[PDB]
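Let me begin by presenting the structure, written as structure tokens, before commenting on it.
Here Cβ is always computed from backbone atoms with ideal geometry, including for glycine, and neighbour counts include all displayed protein chains. Derivation of every value follows stated rules applied to the coordinates shown; laboratory data play no part.
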Amino acid sequence: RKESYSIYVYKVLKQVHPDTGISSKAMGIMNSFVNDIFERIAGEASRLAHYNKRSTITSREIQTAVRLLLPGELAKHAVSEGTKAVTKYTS
Amino acid sequence: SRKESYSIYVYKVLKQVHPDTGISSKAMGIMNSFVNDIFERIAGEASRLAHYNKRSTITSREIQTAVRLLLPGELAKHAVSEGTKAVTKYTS
Amino acid sequence: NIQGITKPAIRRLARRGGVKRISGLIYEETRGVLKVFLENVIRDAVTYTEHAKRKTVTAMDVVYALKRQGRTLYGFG
Amino acid sequence: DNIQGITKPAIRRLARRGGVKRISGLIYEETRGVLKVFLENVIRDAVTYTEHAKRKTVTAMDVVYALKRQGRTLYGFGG
Amino acid sequence: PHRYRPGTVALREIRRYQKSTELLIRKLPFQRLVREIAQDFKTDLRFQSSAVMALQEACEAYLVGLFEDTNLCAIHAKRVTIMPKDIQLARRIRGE
Amino acid sequence: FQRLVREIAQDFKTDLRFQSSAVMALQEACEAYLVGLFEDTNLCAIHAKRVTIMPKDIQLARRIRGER
Amino acid sequence: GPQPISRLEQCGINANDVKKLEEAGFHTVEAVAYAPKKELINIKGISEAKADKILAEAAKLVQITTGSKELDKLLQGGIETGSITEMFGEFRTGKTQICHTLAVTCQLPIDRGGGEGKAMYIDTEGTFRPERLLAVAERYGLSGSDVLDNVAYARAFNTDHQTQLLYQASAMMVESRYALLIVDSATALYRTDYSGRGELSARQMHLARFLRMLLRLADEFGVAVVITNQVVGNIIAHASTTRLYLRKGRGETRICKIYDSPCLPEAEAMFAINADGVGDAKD
DNA sequence: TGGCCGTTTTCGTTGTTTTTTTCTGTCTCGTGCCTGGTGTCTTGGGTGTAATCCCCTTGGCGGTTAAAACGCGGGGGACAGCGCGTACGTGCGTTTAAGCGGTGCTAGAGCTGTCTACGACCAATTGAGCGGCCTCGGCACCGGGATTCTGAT
């Protein structure tokens with residue numbers, strides 16, 4: 001139908017602030033945010049793969065794209081989480 | 001070692017618009033950069049257009065709309081005229 | 001219709017922008033600026049609308065126009 | 001300390017091309033800081049591309065891509 | 001009778017409107033303007049409600065930011081009053 | 001300029017090499033950037049009824065550009 | 001011994017980076033040395049190149065009686081110097097009281113079961129009482145003033161301050177011979193400071209570094225490492241050599257149990273908390 | 001009438017444009033090849049078109065109230081003028097290292113070959129996620145006292 005990240009945003013919200021809710025407008029802004037960052041990272045990864053004549057986007061392209069797009073500490077922590085998640089997933 | 005570029009086509013156009021005029025290698029490099037840049041802009045916008053409208057095909061319509069989005073004013077009108085003429089001539 | 005964007009409204013916008021004192025000539029200038037902005041965005045929005053073969057400009061049409069003008073808007077997807 | 005290679009007369013020449021007629025003494029150091037930041041940012045991204053490609057040589061294209069993704073598209077150095 | 005000095009109420013308004021988030025232009029004239037401008041691009045257009053609201057949020061955000069830069073230009077010239085030349089400098093440097 | 005580029009690049013990854021045209025590309029980009037910045041800076045100086053550009057002019061130009 | 005970070009400056013680390021390491025809380029070449037690259041990089045104003053230069057140049061440069069006889073017998077004579085001993089028990093079981101007593105008994109002669117060293121009390125819970133130290137000192141015939149003179153005291157306000165005081169403790173413990181390091185409510189600040197749930201890994205990392213420093217100080221100075229834990233942790237088990245379970249007997253007399261020790265049996269011994277002292281149980 | 005002060009001329013200077021002659025390397029053309037593009041045929045699925053439905057956009061009425069428009073007094077800020085002093089432009093002698101040209105070597109970019117891991121694809125299953133419905137609590141609106149803050153004294 002019409003997809004959004006709302007339920008996942010809400011689960012995360014419940015993780016960081018168990019007794020906090022969120023308005024409809026604010027949720028719309030969070031959805032806009034997730035889609036925006038998705039597009040930025042996926043697009044950069046696409047270009048990375050193209051520049052290097054590769055037909056596959058792998059976690060390495062995602063990671064490099066993250067390093068290009070995110071500033072400083074955000075980049076380091078994001079890289080850490082992605083790596084951790086892939087490691088937990090693989091086994 | 002085979003490297004493709006737009007140089008010969010740029011040169012053919014140059015001879016069309018200024019028959020007795022040449023062009024330096026550096027300038028030709030800037031022209032090649034230009035063509036690749038605009039290629040990327042138009043193709044990318046067209047891709048986005050097709051995606052937004054749940055179409056799996058980029059057609060001349062997507063190209064045209066992309067041209068209208070990307071190009072200023074009269075430049076856009078003139079470009080649209082050239083593309084349309086080319087597609088209709090091709091179809092015949 | 002541009003004169004419908006009144007002086008006190010422009011003043012409120014300037015206040016939110018942190019402005020304490022305002023020349024009388026600002027208002028007309030602001031209107032011109034606003035018009036240009038609107039025109040550009042709307043020109044693109046409608047283009048999207050026309051590509052979709054619709055007669056109704058959607059929120060998404062506007063969002064795409066804004067995005068492609070480097071003025072990304074959150075909240076209307 | 002190579003940033004000092006960006007000399008006072010060089011900065012003056014750049015300012016002249018920019019249409020500047022008169023220049024405060026503090027401009028030069030200021031300019032150096034600004035330039036260094038700019039350079040750092042470009043080169044960082046460029047090197048990132050180089051590293052992604054598993055190369056040890058920064059190419060013209062690495063720089064072009066860095067500049068493009070920083071909204072400073074450069075013509076003339078493709079191919 | 002009481003009267004506040006020039007500037008006191010201005011500052012009060014700055015704090016007030018920087019504190020809040022409500023749209024500052026009236027709905028109906030903005031809508032009227034939007035439809036007028038749109039008509040010179042395409043005939044027979046209709047608008048989603050949220051499309052007009054989107055345009056207004058974008059426009060007001062743009063103007064507020066521009067007024068921030070304009071204010072910086074006025075202060076740069078050792079003034080506290082914004083003038084058209086401040087706006088024009090801001091827009092030139094923005095690349096507008 | 002070449003020495004500058006190599007020093008800065010070396011503080012990101014050691015033992016890097018450069019294509020000649022890469023350094024030249026970097027120089028073209030840098031000089032174009034500085035010249036444009038000096039145009040805006042000059043406009044800021046003139047705005048303040050000065051003819052001399054000062055650090056605050058640079059800082060205003062860059063603040064409005066969104067660089068700072 | 002220690003290798004104050006000053007010597008790192010002669011290797012050609014710039015002085016600003018050494019100041020950044022001290023701001024982070026690294027005050028010795030030992031401190032920079034036994035850490036991976038990422039610790040120095042996360043510090044403001046430190047790149048990966050400076051961290052590699054620091055690690056390379058750093059690699060170039062680099063039974064105490066409890067005073068309760070029953071507890072001493074339970075421990076086979078008292079805490080082994082050079083190791084961490086954890087006593088986990090309910091609140092008010094006497095962890096703080098035992099710490100105050102040990103802060104003095106450590107100063108007792110080795111022939112009396114002491115370590116003949118000064119004590120260190122790092123408080124996180126406000127329960128530091130110089131008068132309790134004076135009472136224990138007069139009980140065992142130690143100078144109460146010298147106990148406070150053999151106790152350098154600072155209240156750790158947070159986990160970062162709790163770990164940072166060990167760096168001051170590490171440099172300070174070199175100037176005087178110590179036998180005991182006290183961290184009271186050691187786990188309380190990791191729950192009060194890191195109170196969120198996403199920050200649990202952060203408190204675990206900070207606690208891990210804190211525990212490594214405690215073990216390091218124990219092996220360096222031959223001092224006893226005593227930490228008190230409120231149970232409203234198993235990580236300490238591998239780090240702690242002897243786990244003692246403490247529970248209250250009514251009045252001022254406390255029951256001690258061993259609930260894990262790889263060497264000591266799970267067993268119990270009875271002791272009391274007396275105005276003067278932590279002292280044998282007298283039913 | 002004689003003596004001053006202002007302007008325009010000019011001559012000396014001088015950078016810069018112009019115009020001609022030598023050279024030179026880089027651009028414009030050829031030719032061989034090879035690989036990427038064109039003709040032809042196929043399937044299949046995406047898009048075009050037509051009907052439907054419903055929702056959501058447009059249009060109208062009324063009131064009512066808050067906001068916009070307008071007038072006015074005044075004060076403070078924009079702006080012009082002036083003085084000064086100091087920082088910057090200009091010029092000149094010295095020195096410094098950028099540039100150019102040659103040479104040399106080795107690291108590493110780039111290409112090719114091989115093969116295996118890995119991702120596309122496809123069918124069956126099913127449970128996560130979405131739409132809809134309901135409810136209660138966070139927030140908003142109202143009102144009234146407290147506190148802050150501003151300006152005149």
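Here E:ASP44 meets the list (1) over 19 Å from C:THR30 (Cβ atoms); (2) more than 7 Å from chain C (Cβ to nearest Cβ); (3) out of contact with any helix residue (DSSP H, G or I) (no Cβ under 7 Å at 6 or more places or on another chain) almost entirely, failing just condition (2). Residues in segment C:24-61 that are out of contact with any helix residue (DSSP H, G or I) (no Cβ under 7 Å at 6 or more places or on another chain), under 30 Å from E:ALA74 (Cβ atoms) and not charged (D, E, K, R): C:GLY24, C:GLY32, C:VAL36, C:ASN40. Tell me, yes or no, whether segment B:31-49 has at least one residue that is over 23 Å from C:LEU66 (Cα atoms), assigned to a helix (DSSP H, G or I) and aliphatic (A, V, I, L, M). Yes; the residues of segment B:31-49 include at least one that is over 23 Å from C:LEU66 (Cα atoms), assigned to a helix (DSSP H, G or I) and aliphatic (A, V, I, L, M).
Given the criteria buried (at least 19 other Cβ atoms within 10 Å of the Cβ) and within 9 Å of chain C (Cβ to nearest Cβ), does E:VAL34 qualify? Considered against the rule, which asks whether it is buried (at least 19 other Cβ atoms within 10 Å of the Cβ) and within 9 Å of chain C (Cβ to nearest Cβ), E:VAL34 comes out as yes.
Residues to consider are D:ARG17, D:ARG32; find the one that is under 17 Å from F:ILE8 (Cα atoms) and not β-branched (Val, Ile, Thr).
Just one listed residue meets the conditions, D:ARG32.
Would you confirm, using the coordinates I've provided, whether E:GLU57 is part of a helix (DSSP H, G or I) and more than 18 Å from the chain's Cα centre (by Cα)? Considered against the rule, which asks whether it is part of a helix (DSSP H, G or I) and more than 18 Å from the chain's Cα centre (by Cα), E:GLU57 comes out as no.
Would you be able to say whether some residue in segment E:57-74 is small (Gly, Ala, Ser), under 14 Å from C:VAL62 (Cβ atoms) and more than 10 Å from DNA strand H (Cβ to nearest atom)? Yes, segment E:57-74 contains at least one residue that is small (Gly, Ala, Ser), under 14 Å from C:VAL62 (Cβ atoms) and more than 10 Å from DNA strand H (Cβ to nearest atom).
Using the structure shown, decide if A:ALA49 is among the hydrophobic types (A, V, I, L, M, F, W, C) and in contact with an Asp or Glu (Cβ under 7 Å, 6 or more places away or on another chain). Yes. Quickly run through segment E:3-35 and pick out the residues that are part of a loop (DSSP other than H, G, I, E, B) and not aliphatic (A, V, I, L, M). If the condition is that a residue be part of a loop (DSSP other than H, G, I, E, B) and not aliphatic (A, V, I, L, M), then E:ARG3, E:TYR4, E:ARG5, E:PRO6, E:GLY7, E:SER20, E:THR21, E:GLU22, E:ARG26 are the ones that fit.
Here segment E:67-90 is the region considered, the condition is being within 7 Å of chain C (Cβ to nearest Cβ) and within 29 Å of E:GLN31 (Cβ to Cβ), and the residue that is nearest to the chain's Cα centre (by Cα) is E:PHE67. If you go through segment A:64-91 and keep only what is surrounded by 14 or more Cβ atoms within 10 Å (Cβ to Cβ) and hydrophobic (A, V, I, L, M, F, W, C), you end up with A:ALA65, A:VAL66, A:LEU68, A:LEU69, A:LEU70, A:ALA75, A:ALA78, A:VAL79.
Among the residues of segment B:44-66, which ones are β-branched (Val, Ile, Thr) and more than 9 Å from DNA strand H (Cβ to nearest atom)? Within segment B:44-66, B:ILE63, B:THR65 meet the criteria. Answer yes or no: is there a residue in segment F:26-45 that is within 12 Å of DNA strand H (Cβ to nearest atom), assigned to a loop (DSSP other than H, G, I, E, B) and surrounded by fewer than 16 Cβ atoms within 10 Å (Cβ to Cβ). For segment F:26-45, residues within 12 Å of DNA strand H (Cβ to nearest atom), assigned to a loop (DSSP other than H, G, I, E, B) and surrounded by fewer than 16 Cβ atoms within 10 Å (Cβ to Cβ): absent.
Across segment C:36-63, the number of residues qualifying as more than 7 Å from every other protein chain (Cβ to nearest Cβ), under 15 Å from the mean Cα position of the chain (by Cα) and not aliphatic (A, V, I, L, M) comes to 1. How about segment F:46-58: which of its residues are more than 8 Å from chain D (Cβ to nearest Cβ) and part of a helix (DSSP H, G or I)? Passing the criteria: F:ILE46, F:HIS47, F:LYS56, F:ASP57.
For every residue, the table says whether it meets (1) outside any helix (DSSP H, G or I); (2) more than 30 Å from G:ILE255 (Cβ to Cβ).
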{"position": "G:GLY1", "(1), (2)": "yes, yes"}
{"position": "G:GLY45", "(1), (2)": "yes, yes"}
{"position": "G:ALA56", "(1), (2)": "no, yes"}
{"position": "G:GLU86", "(1), (2)": "yes, no"}
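Pairs under 8 Å by beta carbon, first residue closer than 10 Å to E:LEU24 by Cβ and at the interface with another protein chain (Cβ under 7 Å from one of its Cβ atoms) in segment C:6-24, partner in a strand (DSSP E or B) and more than 9 Å from DNA strand H (Cβ to nearest atom), six or more apart or different chains? These pairs meet every condition: C:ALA14/C:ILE22.
Within segment E:22-31, restricting attention to residues that are more than 10 Å from DNA strand H (Cβ to nearest atom) and loosely packed, with under 13 Cβ neighbours inside 10 Å, which residue is farthest from the other protein chains (Cβ to nearest Cβ)?
Among those residues, the one meeting the criterion is E:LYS27.
Counting only residues that are out of contact with any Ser or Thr (no Cβ under 9 Å at 6 or more places or on another chain), of a type in the set (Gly, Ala, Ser) and at the interface with chain D (Cβ under 7 Å from one of its Cβ atoms), segment F:10-35 holds 2 of them. Against the condition away from DNA strand H (no atom under 13 Å from the Cβ), within 19 Å of the chain's Cα centre (by Cα) and under 13 Å from C:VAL19 (Cβ atoms), how does E:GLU96 come out, does it pass? Against the criterion (away from DNA strand H (no atom under 13 Å from the Cβ), within 19 Å of the chain's Cα centre (by Cα) and under 13 Å from C:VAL19 (Cβ atoms)), E:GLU96 does not qualify.
Restricted to helices (runs of 4 or more DSSP H) entirely inside chain D, those with at least 3 residues that are within 12 Å of DNA strand H (Cβ to nearest atom) and buried (at least 17 other Cβ atoms within 10 Å of the Cβ) are D:27-52, D:60-69. Within segment B:1-43, restricting attention to residues that are within 14 Å of another protein chain (Cβ to nearest Cβ), loosely packed, with under 15 Cβ neighbours inside 10 Å and among the small types (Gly, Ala, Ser), the residue that is farthest from DNA strand H (Cβ to nearest atom) is B:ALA43. Scan segment B:5-30 for residues that are of a type in the set (A, V, I, L, M) and assigned to a loop (DSSP other than H, G, I, E, B) and the total you get is 1. Looking across segment E:37-53 at every residue that is within 12 Å of DNA strand H (Cβ to nearest atom) and under 19 Å from the mean Cα position of the chain (by Cα), the one that is nearest to C:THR56 (Cα to Cα) is identified as E:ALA51.
Taking the condition in contact with a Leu (Cβ under 6 Å, 6 or more places away or on another chain) and among the basic types (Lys, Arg), does A:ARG40 pass? So A:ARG40 passes the test.
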